[PDB]
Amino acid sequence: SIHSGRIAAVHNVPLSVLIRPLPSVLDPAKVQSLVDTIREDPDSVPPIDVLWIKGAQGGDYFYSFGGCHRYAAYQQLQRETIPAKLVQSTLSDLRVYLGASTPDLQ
């Protein structure tokens, strides 16, 4: 990352582009509830945090680790974009969430 864009811009980021590498474990009733809230009161749902990482060959890679239930709600609503904050990050920050499953990002 040559740049930085601080300290709080919000973007409509495509679900088709989010890597969600961690096994979700979801309270379905909470998912079912968040769905009602996004449909009818979307501004009251705070945006998720998305890690933006540069690949060795300059590829853009976007990780989502949090807002598990928000994400699922959005998947239930079949939206193609979710409000996110983009947090620029390194590889070594991944290995903290990924351990030996940490890929070699091209």
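Throughout, we count residues from 1 along the sequence that is shown.
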*Residue stretch of maximal mean CA temperature factor, 10-18 vs 86-94*: 86-94
*73-81 versus 22-30 - greater average Cα B-factor per the deposited record*: 22-30
*Is the Cα B-factor recorded for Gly66 in the lowest, middle or highest third of its chain?*
lowest
_Third of the chain's Cα B-factor distribution that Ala100 belongs to, per the entry_ = lowest
*Based on the entry's values, in what third of the chain does the Cα temperature factor of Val50 lie: lowest, middle or highest?*
lowest
